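Participant: Here it is: the structure, laid out below.
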Amino acid sequence: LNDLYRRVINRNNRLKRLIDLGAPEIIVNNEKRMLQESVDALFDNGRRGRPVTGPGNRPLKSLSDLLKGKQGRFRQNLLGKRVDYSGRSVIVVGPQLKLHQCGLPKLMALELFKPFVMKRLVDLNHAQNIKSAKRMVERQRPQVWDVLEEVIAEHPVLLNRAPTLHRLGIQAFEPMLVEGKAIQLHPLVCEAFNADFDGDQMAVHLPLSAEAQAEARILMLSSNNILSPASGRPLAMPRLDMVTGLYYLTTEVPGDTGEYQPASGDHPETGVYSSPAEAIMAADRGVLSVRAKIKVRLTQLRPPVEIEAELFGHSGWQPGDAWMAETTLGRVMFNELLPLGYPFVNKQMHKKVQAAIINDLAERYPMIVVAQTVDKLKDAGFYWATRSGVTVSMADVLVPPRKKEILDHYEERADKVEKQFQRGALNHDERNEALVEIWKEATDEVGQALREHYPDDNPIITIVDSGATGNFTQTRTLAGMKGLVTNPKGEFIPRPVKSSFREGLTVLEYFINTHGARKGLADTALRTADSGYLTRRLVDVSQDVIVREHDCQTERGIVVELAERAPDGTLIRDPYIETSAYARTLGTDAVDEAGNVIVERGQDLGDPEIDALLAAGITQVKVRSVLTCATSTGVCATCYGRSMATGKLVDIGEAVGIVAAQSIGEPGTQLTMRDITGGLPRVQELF
Amino acid sequence: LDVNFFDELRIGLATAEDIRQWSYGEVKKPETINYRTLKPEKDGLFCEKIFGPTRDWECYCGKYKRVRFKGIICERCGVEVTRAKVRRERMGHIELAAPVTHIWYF
Amino acid sequence: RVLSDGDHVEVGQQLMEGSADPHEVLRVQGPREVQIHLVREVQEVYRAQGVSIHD
Amino acid sequence: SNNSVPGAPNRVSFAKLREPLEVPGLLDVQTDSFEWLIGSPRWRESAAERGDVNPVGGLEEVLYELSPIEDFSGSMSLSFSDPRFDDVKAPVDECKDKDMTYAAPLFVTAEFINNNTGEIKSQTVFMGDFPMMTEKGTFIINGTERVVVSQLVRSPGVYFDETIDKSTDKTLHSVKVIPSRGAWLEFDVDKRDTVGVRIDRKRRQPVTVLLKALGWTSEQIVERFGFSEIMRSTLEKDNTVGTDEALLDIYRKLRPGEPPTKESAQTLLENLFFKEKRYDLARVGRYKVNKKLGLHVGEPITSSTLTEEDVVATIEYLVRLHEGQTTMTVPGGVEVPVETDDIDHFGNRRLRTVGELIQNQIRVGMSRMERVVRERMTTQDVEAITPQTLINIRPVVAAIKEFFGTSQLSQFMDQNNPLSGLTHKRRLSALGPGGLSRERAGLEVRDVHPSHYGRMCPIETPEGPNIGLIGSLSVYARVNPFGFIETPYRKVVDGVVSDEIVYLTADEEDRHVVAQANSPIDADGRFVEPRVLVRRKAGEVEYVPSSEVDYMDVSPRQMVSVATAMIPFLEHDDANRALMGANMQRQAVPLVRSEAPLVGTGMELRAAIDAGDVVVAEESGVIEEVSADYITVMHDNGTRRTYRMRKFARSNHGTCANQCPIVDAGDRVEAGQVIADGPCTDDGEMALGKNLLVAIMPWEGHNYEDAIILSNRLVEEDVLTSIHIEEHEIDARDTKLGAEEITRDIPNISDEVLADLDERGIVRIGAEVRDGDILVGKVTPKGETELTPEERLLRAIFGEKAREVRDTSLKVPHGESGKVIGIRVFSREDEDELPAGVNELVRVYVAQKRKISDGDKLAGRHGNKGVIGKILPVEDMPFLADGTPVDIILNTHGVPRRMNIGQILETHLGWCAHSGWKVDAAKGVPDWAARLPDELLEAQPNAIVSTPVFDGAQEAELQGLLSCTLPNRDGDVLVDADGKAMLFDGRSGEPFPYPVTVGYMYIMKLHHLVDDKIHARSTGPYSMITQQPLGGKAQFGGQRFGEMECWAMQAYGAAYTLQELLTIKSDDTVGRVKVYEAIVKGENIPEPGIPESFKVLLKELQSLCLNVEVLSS
Amino acid sequence: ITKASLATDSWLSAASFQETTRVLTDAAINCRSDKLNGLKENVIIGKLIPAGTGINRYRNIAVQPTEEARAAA
RNA sequence: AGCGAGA
Ligand SMILES: [Mg+2]
Ligand SMILES: [Zn+2]
Ligand SMILES: [Zn+2]
């Protein structure tokens, strides 16, 4: 930049000399034009004419280029800065940690805390003065480890994982020392970061001020953020391994050892047990399987609603009362992990059911209990997943025995279409579509055959159908037939692939296959770029939507349909009710058959309320929303509705705008597509 | 310096009067630093007489060199003896022989 | 019933297939209808891939 | 019989097919091109074998096109001839050591002629030190190893395209004549029925205007072009009569602002197109125009410049295409089918190899040199000039230097392991000078093209923001003399599949029909079946016309590169995971021991030998004497030769380059035999990893989400460990104040801290050191510094030397430690070739032996990567019924949905290999074993095998082998038929309720070690123009709290912590010391100030004549 | 959304957003004054955001023990 | 400034 200034000064001085000496109009005019061009280049080089070039034939960074673009001063140095007192390392799963904890290697902690540890070891007189203490730490003298354990204690730390797609990308944990160089993360928060242990690098930041430490300890604590700010579904829920372990634990297998049998005339039922403890002690022996139907006399787990209402009815104090439960021992061992007050569930623990349980638990019980229960659940899940006996082997991947007959049956139709085309019956496009349809049908048929061929206890069906991970399309591709493969333009190859990966794809089938995978990988990058830009836009527009008032008392509101009247006469719950009317404040009192009010104005409209409205037979309800909010600045608490994350009404300072925008942007990328747009471009167009 | 009294921020066109009011001098030579002794030139693009002393608390020639001479200007070289960091604060200005038009508005 | 020639239409029924520009619907039906339109469309595109975002 | 080389480990293979052709010389892509550039006798003979009409080297070509040259008047001329190379000025190892570039002098015989009188003055001119290629195929530049990767670029010529016009829904056609450094005319057709030139990207024309500019008449235009209606249309719409008028309009439009004249218009067009000065199509370009338009198919090629014949034929082709004709016949030219062209089709994507790149750079330097010469000729006194004083060589040497250094296609060699170095060669990058950049590159260049089959690997590709632009050559691919990529195919006539192999380019394959390799043959050279799989022109894998398929694929695995060709059971892996596995085969670190895989591929050997990290006997003989450092072998005729090993030399990426002999003192060794292996080689086979006993159980959540748990045995027995060498450099420069000095003369140095240091200020050799320890003791002259009275009083309290010379000594960077392998003292005092200014440059080599630990990244060969969650004691490990503890435990949940069960198959096969088997052929062979090759019904324990990529172990064969798994030591088969065994829990002790898949997997230690990733920062250097401390672990990384992190922070409503971060952690220059003081002394953290970046913004806006003021209120 | 953002009454935020040169030229010609009320602005100049723990009801809470606590002393 | 690479 300095050189540009030199150019300006040279030309100005030469102009001054030219006016002084007395020069022809032509020369002095040209010099004036040159001065104009120099000032132009200085303020903005390259805007008019070719940019002034420097050594190496590159434009000079003009005084304005400092300000614009990604690398301008605004979006590299002002709003985004590098910061001291920070670290970074690879992450390794640690299941032994509590939800509010994270491992932190000794060297990294020592360095990060070097000021504090210096202070403590000077206070402890292990060193005479500050500089002697600094020498003490720089050589890691043996005495400086105990003091380090003293200082780190009760000092929260934030763990970011770039990119921070949403609010839960950065959470505060209580750090704990670990031996070797690797931040030991808690598994249950993996989803919140979307951080999966194959070489992700998670940065660490250290709050200092009392306000910052309070903020990290209170607002940001990992155990304080369970429910998503977007849709409120639990994000610390067990998954992958834990969910499989629990599914194995709580499922029931008829005909197992130690089952219940009510046979009489020769012996008693021989299926009942005095207490759950007895059941575990029997399971230790090779007598009772953990997945057998039995009858246990429970005296410490609350019965479900109907049994409570029958045996006790009014005020059943379960901690002492006893009741006969006909379930599996595994389900009992599960139900001990839930709080005392939660009723007995007695259901197979699909991931869906786990999510429902955690949602209800968070709605009712205080958050700390939710954290403790989730952690116990993780422990049991890992243990029983280890015992679950889920492993993959070629022998466990069973191809369908009817595959060849279906292949012949559908290849016959394919040959028929080939013959019809060879006689000119139809053009290339028509026969391509005909083959596409025939082979898609074949696809569905072999998929059905494979599904019905598998038993239920197979490792692959067990993992997929428990909700743990993966979808049946992947299973069908694994055994059976992969299917139609995408043309690199995007169309469907009418070949198609007819081979299972277990059977092993042929050379040409593989070559055809590569098109789709390469295109998918390419499509990921541009789409995440556009998603990031969209999020930037939405954030800026909503950078000033924050709560200001509790209530504006505005009569205005919107109407939401809820259930639609059936033609036969019935209320079927509208499918998309969980994202429309939930977590909303009623604008007007509900009315039933011109009767009393089921739920009057100003109620959160949580699950019982919607159930009551559906039962009573009302569909349209007027709810308050941000749209019809009377308050000029920002919005009010009531009109906005319930905070999805906190589970209660919003505070008077929440920046709901940023939360909104980030929640819109977060499902980017995972928002895929299959001319009117229908993907992320369509969203962009709408906004 | 600066305080929390930032209640309002204003931007506007800067007239030549304002520009020469900001400036602590008027650079009139295209000389950065001496090739040999590696020091700023007089009236150059790094002139110590304008933007302050390179190393804090002494004038160019060195007549005054310590803190008690704070806010004093040495007669020999004219350097105001103060903190060096002010070099990030003080501006110059070039008095153009002929008027020029700012590109942004063109 | 499929919309066909000779049929009495509404003030908002999409005549043809495909989307409609939000300026037009605003000018026809005021702010509320365009609001409901925009929210419905964005929610649809998100729901089409199975991601749940509260309205 | 693999044969291949004399020394051969008997790795039996599961291959059914027999390769007709051995895998070519994988490094040929570079060495052959460079030999062509030189004009070496080897290249001369090779070209003679296949086109002896015109053997001319790249240099020779440049000189020929350059020579002769004349001035403006033509009174004298200068010419070049006879390029030649002297012996290299130094051997490879020395050139590597002392930084000097492994180069040889280049000589050209000049010849200066004076036309007025008649003389010829000739003498060699010494163009400069050309950089040469070592035998391994890499250049040595400034001591480092550099490789010129091949570039993929669109070939020149005539390309026709058609697009619909949504405005009218009509198919409009356009053509691009793409030259090498030319003009870019285009005959574009718009929706309006008028064909029009767009000459040099300038505002369109009617074609008839141009035609009349060449000298055509309206009747002639009707004669040649009248058949189409658009041509008549544009004729009438032209409203432009007269050749003078046409040339006037064109000249007015081409170079406006200059005075139109009827003399400098013909020259304009003729120079612009029909002169080689500005419009060289090159040889490939002119060949393609001739073939596509069929003008000079019979004639050899020369004079790349065009002819009006060319352009008029182009317009004719375009108009016929718009009409919808199938074929056109030019008068005097073969008929060619009228069709639109592609762009990505490898008949248009050509390879600029090393030879072409260096030749282009030479040509650029030669153009500059000729410009300098031509300029000075006006001022050259006649008869007082000779070539030697006439030729200035500096621009040429400068151009070659600035090429080999900082040119994009001259990349720093990547010797992570022999495979990584090998795969960096054969790497085709689509980006660079004259190529598509990542940003401007679309999404359609990145995808596979059906023409890629056999010429470029669809699998191997970077996963980052580069996928598609960079790929790898197929194994059998061979580069066309014109720069295209040829592939081998067996020709079959009358269904007789002979061994006659022919190399076909993309276009030639497109014309013909090619079968598939694994199409069974009846052993008579004929197809044992009807319905033989086939590919066709448009890239569609379609149903087949049985018989009369003109060609076939030399073998399976023809479409895969060297890296991905080493993945056993590749056909069972999805493209994504195979891509990753190929990528990760290039990140494995060389282990201390290295063990060949039990389960591999035939390529484990060829890759090792062609990687050129392995010593091969040049000629047969008997090993006379072998030692750890050298091997002296007595050849069969008197002479003896000594190969000196390379011991613990540092590679370009800090890895070890150790070589050790494998031949005893009595062995006789034939030529082409391996005599000393390398980093990742074991008895000649590439061994990147280790064979470990593996289980597939989810174990207590420690192997959660592709996290890996290891036996401590792997640490104790030291089966996973890497040597890492890092060099630290320090120079005694000269300053105005004085000069630095490298010696024990240091200020304020403790006795101990100076103990390690030798008298010369160099740490003692082979000494253990730690972060911060003085590697080399250096002190810089302090000049003059104003001291502090408090320091003066202190110095008096101690009554010691105040001292002046400032202390700046080479110290171990933070987080490093190890042994001092070597110290090199290159000094100006020793008269070393130090760069101007440094008086003594010392390099210290520090090596550390890194063992496996949490955070390190392992992975198999099927994209099954992961960091190590934990390393359990061997006792609490699942151990088989026999008491053998497993080594690793991967997670089951990762297998199905990642769709890479190849690993599982490998696992099974690995166990079968480790245990050894014996097929019970008591009553004939079992049906499933009928097709198994002989010598596979039996295999001793720990017998290595190979499954070729697309022709290997069929799952039925795996089942059968897994059934017969002869017992380990006593009578007990630990793994059942299914491949799963019963495993005892190490911790509880009870056996696991269900059997668990157990086997042997070949996994690797990837070069992403945690020690190089861990980093921390409390306070350190800060950037210059702004604060916000310096980023990067290299300096002292301050972790970027970017924008999305600010958003997340706001969303929590967490405001004070945000302000703290962005103000006093990052920028605020006054608060920062204050918070440090508060922390040290235990006071409340002060109030944040204004970040120092806002003020720089204020000053910059003010500097733009924008009066910005902060009003108080 | 873009237009709505660029129509805010804060030039320091619009400039931070996009198309810097034009927005600054416009704001300069209008002698526009930014009141520093949004979030991006408060971030840029490094004072406390007016959201969450930064608004004027929590930012200035007065905290003291109870008279019973003073009695405990 | 340029290269290559991880997530
Ligand atoms: Mg990852
Ligand atoms: Zn409201
Ligand atoms: Zn002075």
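Residue numbers (the authors' numbering), protein chains in the order written: chain A, 340 to 1013, 1023 to 1035; chain B, 2 to 107; chain C, 1097 to 1151; chain D, 28 to 1140; chain E, 1210 to 1282.
We put the beta carbon where it would ideally sit given N, CA and C, even for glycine.
Between the region 387–405 of chain A and chain E, which residues of the former have CB atoms less than 8 Å from a CB of the latter, in chain order?
Facilitator: Answer set for the region 387–405 of chain A: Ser-403.
Participant: Buried or exposed, going by whether 16 or more other CB atoms sit within 10 Å of the CB of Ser-182/D?
Facilitator: The residue is buried, with at least 16 neighbouring Cβ atoms inside 10 Å.
Participant: Looking only at DSSP bridge pairs, what is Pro-688/D linked to?
Facilitator: The partner list for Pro-688/D (beta bridge, DSSP) reads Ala-703/D.
Participant: For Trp-105/B, which residues in chain E fall below 7 Å Cβ to Cβ?
Facilitator: Those are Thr-1230 and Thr-1234, listed as they occur along chain E.
Participant: Are any of the Cβ atoms in chain A nearer than 8 Å to that of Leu-1248/E?
Facilitator: Output row for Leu-1248/E: interface = yes.
Participant: Is the distance from the Cβ of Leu-1036/D to the Cβ of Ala-722/D below 8 Å?
Facilitator: No, these two residues do not count as a Cβ contact at 8 Å.
Participant: Are the beta-carbon atoms belonging to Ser-582/D and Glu-46/D less than 8 Å from one another?
Facilitator: Yes; because the gap between Cβ atoms is below 8 Å, this pair is in contact.
Participant: With distances taken between CB atoms, is the gap from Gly-66/D to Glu-87/D smaller than 8 Å?
Facilitator: Yes, the Cβ-Cβ distance between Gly-66/D and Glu-87/D is below 8 Å.
Participant: Nearest to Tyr-587/A by CA position, among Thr-863/A, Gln-959/A, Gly-720/A and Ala-922/A, is which residue?
Facilitator: Residue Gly-720/A is the option with its Cα nearest to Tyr-587/A.
Participant: Between which two residues does the alpha helix (DSSP H) containing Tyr-872/A stretch?
Facilitator: Residues 846–880.
Participant: Considering only their Cβ atoms, is the gap separating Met-579/D from residue 23/D smaller than 8 Å?
Facilitator: Limits of chain D in this structure are 28 at one end and 1140 at the other, which puts residue 23/D out of reach.
Participant: Taking 8 Å as the cut-off, does the region 915–931 of chain D touch the region 796–815 of chain A (at least 3 CB pairs, one atom from each stretch)?
Facilitator: Yes, they touch.
Participant: Under 5 Å, CB to any heavy atom of ligand 2. Which residues pass, going along the chain?
Facilitator: Cβ-based neighbours of ligand 2 within the cut-off: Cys-891/A, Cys-968/A, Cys-975/A and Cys-978/A.
Participant: Are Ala-701/A and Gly-986/A close, meaning C-beta to C-beta below 8 Å?
Facilitator: Taking 8 Å as the Cβ cut-off, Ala-701/A and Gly-986/A qualify as a contacting pair.
Participant: Could you list the residues in the region 6–28 of chain B with a C-beta less than 7 Å from some C-beta on chain D, going in chain order?
Facilitator: Listed by position along the chain: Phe-6, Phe-7, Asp-8, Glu-9, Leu-10, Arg-11, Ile-12, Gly-13, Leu-14, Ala-15, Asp-19, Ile-20 and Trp-23.
Participant: Can you name the start and end residues of the alpha helix (DSSP H) that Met-661/D belongs to?
Facilitator: Premise fails: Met-661/D lies in the beta strand (DSSP E), 657–662, not in any alpha helix (DSSP H).
Participant: From which residue to which residue does the alpha helix (DSSP H) around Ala-1000/A run?
Facilitator: Where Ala-1000/A is concerned, the enclosing alpha helix (DSSP H) stretches over 995–1004.
Participant: For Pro-502/A, which residues in chain D fall below 8 Å Cβ to Cβ?
Facilitator: Residues of chain D passing the Cβ test: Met-1071.
Participant: Could you please give the first and the last residue of the uninterrupted alpha helix (DSSP H) stretch that includes residue 317/A?
Facilitator: Residue coverage of chain A in this structure runs from 340 to 1035, which leaves residue 317/A outside it and unanswerable.
Participant: Suppose the cutoff is 6 Å on Cβ atoms and the five residues either side in sequence are ignored; what does the same chain contact list for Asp-758/D look like?
Facilitator: Once the five neighbours on either side are set aside, the close Cβ partners of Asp-758/D are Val-865 and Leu-868.
Participant: Cα separation between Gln-1066/D and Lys-409/A?
Facilitator: The alpha-carbon atoms of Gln-1066/D and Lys-409/A are separated by roughly 18 Å.
Participant: Below 9 Å on C-beta distance, what does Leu-1138/D contact in chain B?
Facilitator: Simply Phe-6, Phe-7, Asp-8, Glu-9, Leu-10 and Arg-11.
Participant: Find out if the Cβ-Cβ distance for the pair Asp-404/A, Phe-1226/E is shorter than 8 Å.
Facilitator: Contact flag unset, no.
Participant: Starting from the C-beta of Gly-462/D, find all residues in its chain whose C-beta is less than 8 Å away, skip the five residues before and the five after it, and write them out in chain order.
Facilitator: Answer for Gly-462/D: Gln-178, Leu-179, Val-180 and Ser-456, listed in chain order.
Participant: How is the beta strand (DSSP E) around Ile-802/A delimited, first residue to last?
Facilitator: Unbroken run through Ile-802/A is the alpha helix (DSSP H), 798–804; no beta strand (DSSP E).
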